Structures are given as C-alpha cells and as structure tokens.
file work_31.cif (mmCIF, N, CA and C atoms and all ligand atoms)
data_start
#
loop_
_atom_site.label_atom_id
_atom_site.label_comp_id
_atom_site.auth_asym_id
_atom_site.auth_seq_id
_atom_site.Cartn_x
_atom_site.Cartn_y
_atom_site.Cartn_z
N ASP E 198 27.87 70.84 21.54
CA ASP E 198 29.04 70.02 21.20
C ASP E 198 28.80 68.52 21.38
N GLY E 199 27.63 68.05 20.98
CA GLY E 199 27.29 66.65 21.10
C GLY E 199 26.73 66.30 22.46
N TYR E 200 27.15 67.02 23.50
CA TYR E 200 26.65 66.74 24.84
C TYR E 200 25.27 67.35 25.12
N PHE E 201 24.53 66.69 26.00
CA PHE E 201 23.31 67.18 26.60
C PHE E 201 23.51 67.27 28.11
N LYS E 202 23.32 68.46 28.70
CA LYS E 202 23.65 68.73 30.10
C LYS E 202 22.38 69.00 30.90
N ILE E 203 22.17 68.24 31.97
CA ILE E 203 21.07 68.46 32.91
C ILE E 203 21.64 69.19 34.11
N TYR E 204 21.02 70.29 34.50
CA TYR E 204 21.24 70.91 35.81
C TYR E 204 19.93 70.89 36.57
N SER E 205 19.95 70.76 37.89
CA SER E 205 18.72 70.80 38.67
C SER E 205 18.90 71.34 40.08
N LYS E 206 17.78 71.70 40.71
CA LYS E 206 17.68 71.92 42.15
C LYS E 206 16.28 71.59 42.65
N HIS E 207 16.19 71.06 43.88
CA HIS E 207 14.86 70.79 44.49
C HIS E 207 14.75 71.65 45.76
N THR E 208 13.94 72.71 45.73
CA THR E 208 13.86 73.64 46.89
C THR E 208 12.53 73.49 47.63
N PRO E 209 12.51 73.50 48.98
CA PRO E 209 11.26 73.44 49.75
C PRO E 209 10.47 74.75 49.66
N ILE E 210 9.14 74.68 49.72
CA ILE E 210 8.29 75.87 49.58
C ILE E 210 7.39 76.05 50.80
N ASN E 211 7.49 77.20 51.44
CA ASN E 211 6.62 77.48 52.58
C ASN E 211 5.14 77.46 52.15
N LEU E 212 4.89 77.12 50.88
CA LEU E 212 3.51 77.20 50.31
C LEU E 212 3.19 78.69 50.15
N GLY E 213 4.23 79.52 50.02
CA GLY E 213 4.02 80.97 49.83
C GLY E 213 3.53 81.29 48.43
N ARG E 214 4.44 81.39 47.46
CA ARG E 214 4.05 81.75 46.07
C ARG E 214 4.87 80.93 45.07
N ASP E 215 4.51 81.00 43.78
CA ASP E 215 5.26 80.27 42.73
C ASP E 215 6.65 80.88 42.58
N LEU E 216 7.62 80.12 42.06
CA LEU E 216 9.01 80.63 41.93
C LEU E 216 9.31 81.64 43.04
N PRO E 217 9.37 81.23 44.33
CA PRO E 217 9.63 82.14 45.45
C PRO E 217 10.83 83.08 45.30
N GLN E 218 10.71 84.15 46.08
CA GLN E 218 11.73 85.18 46.25
C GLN E 218 12.87 84.50 47.01
N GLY E 219 14.09 84.95 46.76
CA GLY E 219 15.27 84.28 47.29
C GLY E 219 16.22 83.89 46.16
N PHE E 220 17.23 83.08 46.46
CA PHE E 220 18.19 82.61 45.47
C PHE E 220 18.64 81.17 45.76
N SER E 221 18.87 80.41 44.69
CA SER E 221 19.40 79.04 44.73
C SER E 221 19.84 78.63 43.33
N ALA E 222 21.07 78.13 43.18
CA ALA E 222 21.65 77.81 41.88
C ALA E 222 21.59 76.31 41.56
N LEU E 223 21.34 75.94 40.31
CA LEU E 223 21.21 74.55 39.89
C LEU E 223 22.57 73.84 39.74
N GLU E 224 22.76 72.71 40.41
CA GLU E 224 23.94 71.86 40.23
C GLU E 224 23.84 70.99 38.96
N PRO E 225 24.95 70.69 38.26
CA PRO E 225 24.95 69.74 37.16
C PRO E 225 24.68 68.31 37.65
N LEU E 226 23.60 67.71 37.15
CA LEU E 226 23.23 66.33 37.58
C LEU E 226 23.92 65.33 36.66
N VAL E 227 23.60 65.37 35.36
CA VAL E 227 24.25 64.49 34.38
C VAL E 227 24.75 65.32 33.21
N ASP E 228 25.77 64.84 32.52
CA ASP E 228 26.47 65.56 31.46
C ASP E 228 26.84 64.57 30.36
N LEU E 229 25.91 64.37 29.43
CA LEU E 229 25.76 63.12 28.69
C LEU E 229 26.21 63.28 27.23
N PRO E 230 27.13 62.43 26.76
CA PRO E 230 27.58 62.53 25.36
C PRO E 230 26.59 61.89 24.39
N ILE E 231 25.37 62.41 24.34
CA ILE E 231 24.35 61.87 23.45
C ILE E 231 24.79 61.97 21.99
N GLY E 232 25.31 63.13 21.62
CA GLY E 232 25.77 63.38 20.26
C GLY E 232 24.78 63.65 19.14
N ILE E 233 23.50 63.85 19.45
CA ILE E 233 22.55 64.12 18.36
C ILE E 233 22.08 65.58 18.24
N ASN E 234 21.05 65.78 17.42
CA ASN E 234 20.48 67.10 17.17
C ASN E 234 19.12 67.33 17.88
N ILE E 235 19.00 68.37 18.71
CA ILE E 235 17.74 68.75 19.37
C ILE E 235 17.19 70.07 18.82
N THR E 236 15.89 70.10 18.50
CA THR E 236 15.13 71.28 18.04
C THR E 236 13.75 71.40 18.72
N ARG E 237 13.34 70.34 19.42
CA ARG E 237 12.04 70.35 20.09
C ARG E 237 12.00 69.43 21.31
N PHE E 238 11.02 69.67 22.19
CA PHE E 238 10.86 68.87 23.41
C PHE E 238 9.40 68.76 23.86
N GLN E 239 9.10 67.82 24.74
CA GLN E 239 7.76 67.52 25.26
C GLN E 239 7.88 66.83 26.62
N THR E 240 6.85 66.83 27.48
CA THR E 240 6.91 66.14 28.79
C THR E 240 5.88 65.01 29.00
N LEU E 241 6.28 63.96 29.72
CA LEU E 241 5.44 62.83 30.11
C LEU E 241 4.77 63.08 31.47
N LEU E 242 3.45 62.89 31.51
CA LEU E 242 2.65 62.73 32.72
C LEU E 242 2.23 61.26 32.85
N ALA E 243 2.19 60.75 34.08
CA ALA E 243 1.64 59.42 34.35
C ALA E 243 0.10 59.44 34.50
N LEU E 244 -0.55 58.32 34.17
CA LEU E 244 -1.96 58.06 34.47
C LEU E 244 -2.14 56.64 35.04
N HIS E 245 -2.86 56.50 36.16
CA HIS E 245 -2.96 55.25 36.95
C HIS E 245 -3.86 54.14 36.35
N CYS X 488 23.73 22.52 -9.51
CA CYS X 488 23.25 23.71 -8.80
C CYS X 488 22.85 23.41 -7.35
N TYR X 489 23.25 24.28 -6.43
CA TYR X 489 22.84 24.26 -5.03
C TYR X 489 22.75 25.71 -4.51
N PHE X 490 21.99 25.92 -3.43
CA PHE X 490 21.91 27.28 -2.82
C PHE X 490 23.06 27.45 -1.82
N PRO X 491 23.16 26.68 -0.72
CA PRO X 491 24.29 26.73 0.19
C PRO X 491 25.53 26.06 -0.42
N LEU X 492 26.57 25.90 0.38
CA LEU X 492 27.51 24.80 0.19
C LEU X 492 27.76 24.16 1.57
N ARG X 493 27.64 22.85 1.63
CA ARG X 493 27.67 22.15 2.90
C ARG X 493 28.64 22.62 3.98
N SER X 494 28.14 22.67 5.22
CA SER X 494 28.97 22.92 6.40
C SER X 494 30.04 21.83 6.55
N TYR X 495 31.22 22.20 7.02
CA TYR X 495 32.40 21.34 6.90
C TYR X 495 32.32 20.05 7.73
N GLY X 496 33.01 19.00 7.25
CA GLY X 496 33.31 17.79 8.01
C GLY X 496 34.35 18.05 9.11
N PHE X 497 33.89 18.74 10.17
CA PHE X 497 34.77 19.13 11.30
C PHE X 497 35.08 17.95 12.21
N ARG X 498 35.94 17.05 11.75
CA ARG X 498 36.41 15.90 12.52
C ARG X 498 37.73 16.34 13.15
N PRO X 499 37.91 16.12 14.47
CA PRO X 499 39.12 16.60 15.13
C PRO X 499 40.45 16.05 14.60
N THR X 500 40.68 14.73 14.60
CA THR X 500 42.01 14.17 14.24
C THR X 500 42.39 14.36 12.76
N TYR X 501 41.40 14.50 11.87
CA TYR X 501 41.59 14.89 10.47
C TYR X 501 41.88 16.40 10.33
N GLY X 502 41.26 17.24 11.17
CA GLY X 502 41.32 18.68 11.06
C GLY X 502 42.71 19.26 11.38
N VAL X 503 43.47 19.63 10.34
CA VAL X 503 44.78 20.30 10.43
C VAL X 503 44.85 21.35 9.31
N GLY X 504 44.70 22.62 9.66
CA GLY X 504 44.19 23.66 8.75
C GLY X 504 42.70 23.52 8.40
N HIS X 505 42.07 22.42 8.81
CA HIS X 505 40.72 21.99 8.41
C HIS X 505 39.79 21.78 9.63
N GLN X 506 40.33 21.87 10.85
CA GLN X 506 39.55 21.98 12.08
C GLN X 506 38.94 23.39 12.23
N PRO X 507 37.87 23.56 13.03
CA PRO X 507 37.27 24.87 13.27
C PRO X 507 38.12 25.73 14.22
N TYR X 508 38.57 26.87 13.68
CA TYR X 508 39.30 27.86 14.52
C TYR X 508 38.37 29.06 14.70
N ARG X 509 37.87 29.28 15.92
CA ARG X 509 36.99 30.45 16.19
C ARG X 509 37.80 31.74 15.99
N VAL X 510 37.19 32.78 15.41
CA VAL X 510 37.95 34.03 15.09
C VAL X 510 37.17 35.26 15.55
N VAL X 511 37.86 36.37 15.85
CA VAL X 511 37.21 37.63 16.30
C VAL X 511 37.87 38.81 15.58
N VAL X 512 37.14 39.91 15.35
CA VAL X 512 37.69 41.06 14.58
C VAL X 512 37.27 42.38 15.24
N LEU X 513 38.20 43.34 15.37
CA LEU X 513 37.89 44.66 15.92
C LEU X 513 38.07 45.72 14.84
N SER X 514 37.10 46.62 14.70
CA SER X 514 37.14 47.75 13.77
C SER X 514 36.68 49.02 14.48
N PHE X 515 37.40 50.13 14.30
CA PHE X 515 37.27 51.34 15.13
C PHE X 515 37.66 52.65 14.40
N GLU X 516 37.16 52.87 13.18
CA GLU X 516 37.53 53.94 12.22
C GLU X 516 37.42 55.43 12.68
N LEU X 517 36.86 55.67 13.86
CA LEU X 517 36.67 57.03 14.37
C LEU X 517 35.97 57.92 13.34
N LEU X 518 36.45 59.16 13.22
CA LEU X 518 35.90 60.12 12.25
C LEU X 518 34.39 60.33 12.37
N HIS X 519 33.90 60.41 13.60
CA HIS X 519 32.47 60.62 13.85
C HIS X 519 32.27 61.71 14.88
N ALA X 520 31.56 61.41 15.98
CA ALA X 520 31.23 62.52 16.92
C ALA X 520 31.91 62.39 18.29
N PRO X 521 31.48 61.52 19.23
CA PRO X 521 32.04 61.51 20.60
C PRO X 521 33.14 60.49 20.92
N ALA X 522 33.53 60.40 22.20
CA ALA X 522 34.52 59.43 22.61
C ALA X 522 33.85 58.30 23.42
N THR X 523 34.25 57.04 23.21
CA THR X 523 33.51 55.88 23.75
C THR X 523 34.37 54.78 24.37
N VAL X 524 35.63 54.65 23.95
CA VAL X 524 36.61 53.68 24.47
C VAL X 524 37.99 54.33 24.46
N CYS X 525 38.49 54.77 25.63
CA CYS X 525 39.67 55.63 25.77
C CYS X 525 40.80 55.05 26.65
N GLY X 526 40.99 53.72 26.60
CA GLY X 526 42.09 52.99 27.24
C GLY X 526 42.07 52.98 28.78
N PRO X 527 42.89 52.13 29.42
CA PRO X 527 42.92 51.97 30.88
C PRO X 527 43.38 53.20 31.67
N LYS X 528 44.28 54.02 31.11
CA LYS X 528 44.88 55.23 31.74
C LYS X 528 45.25 55.07 33.22
N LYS X 529 46.27 54.26 33.51
CA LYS X 529 46.63 53.87 34.88
C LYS X 529 47.10 55.04 35.76
N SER X 530 46.99 54.88 37.08
CA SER X 530 47.37 55.91 38.04
C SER X 530 48.50 55.49 38.99
N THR X 531 49.55 56.29 38.99
CA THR X 531 50.69 56.24 39.91
C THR X 531 50.32 56.81 41.28
N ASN X 532 51.00 56.36 42.33
CA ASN X 532 50.80 56.79 43.72
C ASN X 532 50.84 58.33 43.88
N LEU X 533 49.95 58.90 44.69
CA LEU X 533 49.89 60.33 44.97
C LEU X 533 51.04 60.75 45.90
N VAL X 534 52.00 61.54 45.41
CA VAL X 534 52.99 62.16 46.29
C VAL X 534 52.48 63.48 46.86
N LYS X 535 52.86 63.80 48.09
CA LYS X 535 52.47 65.01 48.83
C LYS X 535 53.72 65.65 49.43
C1 LIG K 1 19.85 69.77 12.94
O1 LIG K 1 18.77 69.58 12.04
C2 LIG K 1 18.41 70.79 11.35
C3 LIG K 1 17.18 70.47 10.54
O2 LIG K 1 17.44 69.46 9.57
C4 LIG K 1 19.59 71.24 10.49
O3 LIG K 1 19.24 72.46 9.83
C5 LIG K 1 19.61 72.36 8.45
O4 LIG K 1 20.94 72.81 8.22
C6 LIG K 1 21.36 72.65 6.85
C7 LIG K 1 22.82 73.04 6.79
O5 LIG K 1 23.02 74.38 7.22
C8 LIG K 1 20.48 73.52 5.96
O6 LIG K 1 20.86 73.33 4.60
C9 LIG K 1 19.02 73.11 6.13
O7 LIG K 1 18.16 73.95 5.38
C10 LIG K 1 18.61 73.15 7.60
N1 LIG K 1 17.26 72.66 7.76
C11 LIG K 1 16.32 73.34 8.41
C12 LIG K 1 14.95 72.74 8.40
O8 LIG K 1 16.56 74.41 8.97
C13 LIG K 1 20.81 71.47 11.37
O9 LIG K 1 21.95 71.80 10.60
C14 LIG K 1 21.11 70.23 12.21
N2 LIG K 1 22.19 70.49 13.13
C15 LIG K 1 23.27 69.71 13.22
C16 LIG K 1 24.29 70.11 14.24
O10 LIG K 1 23.42 68.72 12.51
#
call {"tool": "encode", "arguments": {"input": "work_31.cif", "output": "structure tokens", "more": "lines below"}}
Ligand SMILES: *[C@@H]1O[C@H](CO)[C@@H](O[C@@H]2O[C@H](CO)[C@@H](O)[C@H](O)[C@H]2NC(C)=O)[C@H](O)[C@H]1NC(C)=O
result
Amino acid sequence: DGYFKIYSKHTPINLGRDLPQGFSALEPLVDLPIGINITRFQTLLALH
Amino acid sequence: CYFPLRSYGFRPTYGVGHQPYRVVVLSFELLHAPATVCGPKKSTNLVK
C-alpha cells in the first residue's frame, strides 16, 4: 500500500550455532510512505 | 526584433501598480499516492 516497513531484532549469540534455538520477535523500526514499486533487492558491503 | 523585453524601471515613488510586488502560489491537486501535508490537528486537554 505504498508503504515500506522495516522490522528488526538484534540478539546476542553464545557463539553456539547459526539462527539459534529459542524465540524472539522483530519490532517495527521504521514504517515509511515511500510509495513506489519493489521487485528486486541487493546489499552493500564496505571496503576500507 | 528583440529576444527579451527589458526588465522594468522599478523606481519606488513612480511605482503605483508599477512597483515590484513579490508573489507566491500554492498548488496541491492530490489524486496520487500518499499523504504529505495534513494540517496542524490541535489537541485539547486530557480529561481523566
Ligand atoms: C510494478 O512494476 C511491474 C513491472 O513493470 C508491473 O507489472 C506490470 O503490470 C502491468 C499491469 O498489470 C502489466 O500489463 C505488465 O505486463 C506488467 N509487467 C511485468 C514485467 O510484469 C506492476 O504492475 C507494477 N506494480 C505497481 C503497483 O505499479
């Protein structure tokens, strides 16, 4: 509906395994009236 | 023949209908996607 919604959570890891066992729900961070069309995405990495 | 037409003789004491009057215009046709300017919407005191 024109909006783009970010939800997130940052959980600590005992250094056990990936996506640990347990439960934790993502809170809405931003809820943005961008209003455009999305069909694809990509991520930025930094280089020093 | 000329390209422009000269900028006015903006003399103050002569200028009556002929002095520079700065002007501003607002246009807001809606009929698009999101909401962007939705008035002051004032708040009355909270009764309990
Ligand atoms: C977002 O963009 C896509 C791609 O242009 C749109 O998909 C088109 O939709 C029209 C109308 O149904 C079709 O005639 C086209 O063939 C579609 N193109 C493709 C490549 O699939 C989509 O409608 C857009 N979404 C919004 C909300 O505007």
call {"tool": "interface_residues", "arguments": {"input": "work_31.cif", "of": "chain E", "to": "chain X", "cutoff": "8 Å", "atoms": "all atoms listed in the file", "output": "list in words"}}
result
residues 198, 199, 200, 230, 231 and 232 of chain E
call {"tool": "residues_near_ligand", "arguments": {"input": "work_31.cif", "ligand": "ligand LIG 1 (chain K)", "cutoff": "7 Å", "atoms": "all atoms listed in the file", "output": "ChimeraX atom specification"}}
result
/E:233-236
call {"tool": "atom_distance", "arguments": {"input": "work_31.cif", "atom1": "CA of residue 237 in chain E", "atom2": "CA of residue 225 in chain E"}}
result
21.4 Å
call {"tool": "atom_distance", "arguments": {"input": "work_31.cif", "atom1": "CA of residue 494 in chain X", "atom2": "CA of residue 509 in chain X"}}
result
14.7 Å
call {"tool": "atom_distance", "arguments": {"input": "work_31.cif", "atom1": "CA of residue 207 in chain E", "atom2": "CA of residue 228 in chain E"}}
result
18.2 Å
call {"tool": "axis_aligned_box", "arguments": {"input": "work_31.cif", "around": "range 225-236 of chain E", "padding_each_side": "4 Å", "output": "lines of an AutoDock Vina configuration file"}}
result
center_x = 20.7
center_y = 66.6
center_z = 27.7
size_x = 21.8
size_y = 17.5
size_z = 29.1
call {"tool": "select_by_dssp", "arguments": {"input": "work_31.cif", "residues": "chain E", "states": "strand (DSSP E)", "output": "list in words"}}
result
residues 201, 202, 203, 204, 205, 224, 225, 226, 227, 228 and 229 of chain E
call {"tool": "build_atoms", "arguments": {"input": "work_31.cif", "residues": "range 201-225 of chain E", "atoms": "N, CA, C and O atoms", "output": "PDB file, in the coordinates of the input"}}
result
ATOM      1  N   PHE E 201      24.530  66.690  26.000  1.00  0.00           N
ATOM      2  CA  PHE E 201      23.310  67.180  26.600  1.00  0.00           C
ATOM      3  C   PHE E 201      23.510  67.270  28.110  1.00  0.00           C
ATOM      4  O   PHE E 201      23.876  66.285  28.751  1.00  0.00           O
ATOM      5  N   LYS E 202      23.320  68.460  28.700  1.00  0.00           N
ATOM      6  CA  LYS E 202      23.650  68.730  30.100  1.00  0.00           C
ATOM      7  C   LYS E 202      22.380  69.000  30.900  1.00  0.00           C
ATOM      8  O   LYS E 202      21.612  69.890  30.552  1.00  0.00           O
ATOM      9  N   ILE E 203      22.170  68.240  31.970  1.00  0.00           N
ATOM     10  CA  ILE E 203      21.070  68.460  32.910  1.00  0.00           C
ATOM     11  C   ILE E 203      21.640  69.190  34.110  1.00  0.00           C
ATOM     12  O   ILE E 203      22.585  68.704  34.726  1.00  0.00           O
ATOM     13  N   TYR E 204      21.020  70.290  34.500  1.00  0.00           N
ATOM     14  CA  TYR E 204      21.240  70.910  35.810  1.00  0.00           C
ATOM     15  C   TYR E 204      19.930  70.890  36.570  1.00  0.00           C
ATOM     16  O   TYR E 204      18.878  71.008  35.947  1.00  0.00           O
ATOM     17  N   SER E 205      19.950  70.760  37.890  1.00  0.00           N
ATOM     18  CA  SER E 205      18.720  70.800  38.670  1.00  0.00           C
ATOM     19  C   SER E 205      18.900  71.340  40.080  1.00  0.00           C
ATOM     20  O   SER E 205      20.011  71.433  40.604  1.00  0.00           O
ATOM     21  N   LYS E 206      17.780  71.700  40.710  1.00  0.00           N
ATOM     22  CA  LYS E 206      17.680  71.920  42.150  1.00  0.00           C
ATOM     23  C   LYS E 206      16.280  71.590  42.650  1.00  0.00           C
ATOM     24  O   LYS E 206      15.304  71.894  41.977  1.00  0.00           O
ATOM     25  N   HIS E 207      16.190  71.060  43.880  1.00  0.00           N
ATOM     26  CA  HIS E 207      14.860  70.790  44.490  1.00  0.00           C
ATOM     27  C   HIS E 207      14.750  71.650  45.760  1.00  0.00           C
ATOM     28  O   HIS E 207      15.427  71.317  46.762  1.00  0.00           O
ATOM     29  N   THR E 208      13.940  72.710  45.730  1.00  0.00           N
ATOM     30  CA  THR E 208      13.860  73.640  46.890  1.00  0.00           C
ATOM     31  C   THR E 208      12.530  73.490  47.630  1.00  0.00           C
ATOM     32  O   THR E 208      11.489  73.370  46.951  1.00  0.00           O
ATOM     33  N   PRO E 209      12.510  73.500  48.980  1.00  0.00           N
ATOM     34  CA  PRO E 209      11.260  73.440  49.750  1.00  0.00           C
ATOM     35  C   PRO E 209      10.470  74.750  49.660  1.00  0.00           C
ATOM     36  O   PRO E 209      11.096  75.793  49.567  1.00  0.00           O
ATOM     37  N   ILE E 210       9.140  74.680  49.720  1.00  0.00           N
ATOM     38  CA  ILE E 210       8.290  75.870  49.580  1.00  0.00           C
ATOM     39  C   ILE E 210       7.390  76.050  50.800  1.00  0.00           C
ATOM     40  O   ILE E 210       6.591  75.174  51.144  1.00  0.00           O
ATOM     41  N   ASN E 211       7.490  77.200  51.440  1.00  0.00           N
ATOM     42  CA  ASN E 211       6.620  77.480  52.580  1.00  0.00           C
ATOM     43  C   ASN E 211       5.140  77.460  52.150  1.00  0.00           C
ATOM     44  O   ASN E 211       4.258  77.784  52.948  1.00  0.00           O
ATOM     45  N   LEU E 212       4.890  77.120  50.880  1.00  0.00           N
ATOM     46  CA  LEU E 212       3.510  77.200  50.310  1.00  0.00           C
ATOM     47  C   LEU E 212       3.190  78.690  50.150  1.00  0.00           C
ATOM     48  O   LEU E 212       2.000  79.048  50.116  1.00  0.00           O
ATOM     49  N   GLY E 213       4.230  79.520  50.020  1.00  0.00           N
ATOM     50  CA  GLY E 213       4.020  80.970  49.830  1.00  0.00           C
ATOM     51  C   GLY E 213       3.530  81.290  48.430  1.00  0.00           C
ATOM     52  O   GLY E 213       2.298  81.433  48.269  1.00  0.00           O
ATOM     53  N   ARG E 214       4.440  81.390  47.460  1.00  0.00           N
ATOM     54  CA  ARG E 214       4.050  81.750  46.070  1.00  0.00           C
ATOM     55  C   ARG E 214       4.870  80.930  45.070  1.00  0.00           C
ATOM     56  O   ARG E 214       5.810  80.241  45.504  1.00  0.00           O
ATOM     57  N   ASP E 215       4.510  81.000  43.780  1.00  0.00           N
ATOM     58  CA  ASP E 215       5.260  80.270  42.730  1.00  0.00           C
ATOM     59  C   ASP E 215       6.650  80.880  42.580  1.00  0.00           C
ATOM     60  O   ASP E 215       6.804  82.068  42.943  1.00  0.00           O
ATOM     61  N   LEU E 216       7.620  80.120  42.060  1.00  0.00           N
ATOM     62  CA  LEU E 216       9.010  80.630  41.930  1.00  0.00           C
ATOM     63  C   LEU E 216       9.310  81.640  43.040  1.00  0.00           C
ATOM     64  O   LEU E 216       9.511  82.830  42.718  1.00  0.00           O
ATOM     65  N   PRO E 217       9.370  81.230  44.330  1.00  0.00           N
ATOM     66  CA  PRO E 217       9.630  82.140  45.450  1.00  0.00           C
ATOM     67  C   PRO E 217      10.830  83.080  45.300  1.00  0.00           C
ATOM     68  O   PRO E 217      11.868  82.743  44.711  1.00  0.00           O
ATOM     69  N   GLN E 218      10.710  84.150  46.080  1.00  0.00           N
ATOM     70  CA  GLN E 218      11.730  85.180  46.250  1.00  0.00           C
ATOM     71  C   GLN E 218      12.870  84.500  47.010  1.00  0.00           C
ATOM     72  O   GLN E 218      12.655  83.645  47.873  1.00  0.00           O
ATOM     73  N   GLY E 219      14.090  84.950  46.760  1.00  0.00           N
ATOM     74  CA  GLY E 219      15.270  84.280  47.290  1.00  0.00           C
ATOM     75  C   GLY E 219      16.220  83.890  46.160  1.00  0.00           C
ATOM     76  O   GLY E 219      16.036  84.312  45.009  1.00  0.00           O
ATOM     77  N   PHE E 220      17.230  83.080  46.460  1.00  0.00           N
ATOM     78  CA  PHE E 220      18.190  82.610  45.470  1.00  0.00           C
ATOM     79  C   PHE E 220      18.640  81.170  45.760  1.00  0.00           C
ATOM     80  O   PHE E 220      18.808  80.778  46.910  1.00  0.00           O
ATOM     81  N   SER E 221      18.870  80.410  44.690  1.00  0.00           N
ATOM     82  CA  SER E 221      19.400  79.040  44.730  1.00  0.00           C
ATOM     83  C   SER E 221      19.840  78.630  43.330  1.00  0.00           C
ATOM     84  O   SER E 221      19.058  78.775  42.386  1.00  0.00           O
ATOM     85  N   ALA E 222      21.070  78.130  43.180  1.00  0.00           N
ATOM     86  CA  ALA E 222      21.650  77.810  41.880  1.00  0.00           C
ATOM     87  C   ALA E 222      21.590  76.310  41.560  1.00  0.00           C
ATOM     88  O   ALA E 222      21.779  75.487  42.461  1.00  0.00           O
ATOM     89  N   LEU E 223      21.340  75.940  40.310  1.00  0.00           N
ATOM     90  CA  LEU E 223      21.210  74.550  39.890  1.00  0.00           C
ATOM     91  C   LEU E 223      22.570  73.840  39.740  1.00  0.00           C
ATOM     92  O   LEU E 223      23.424  74.307  38.982  1.00  0.00           O
ATOM     93  N   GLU E 224      22.760  72.710  40.410  1.00  0.00           N
ATOM     94  CA  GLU E 224      23.940  71.860  40.230  1.00  0.00           C
ATOM     95  C   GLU E 224      23.840  70.990  38.960  1.00  0.00           C
ATOM     96  O   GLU E 224      22.754  70.525  38.631  1.00  0.00           O
ATOM     97  N   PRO E 225      24.950  70.690  38.260  1.00  0.00           N
ATOM     98  CA  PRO E 225      24.950  69.740  37.160  1.00  0.00           C
ATOM     99  C   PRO E 225      24.680  68.310  37.650  1.00  0.00           C
ATOM    100  O   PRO E 225      25.400  67.790  38.506  1.00  0.00           O
TER     101      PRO E 225
END
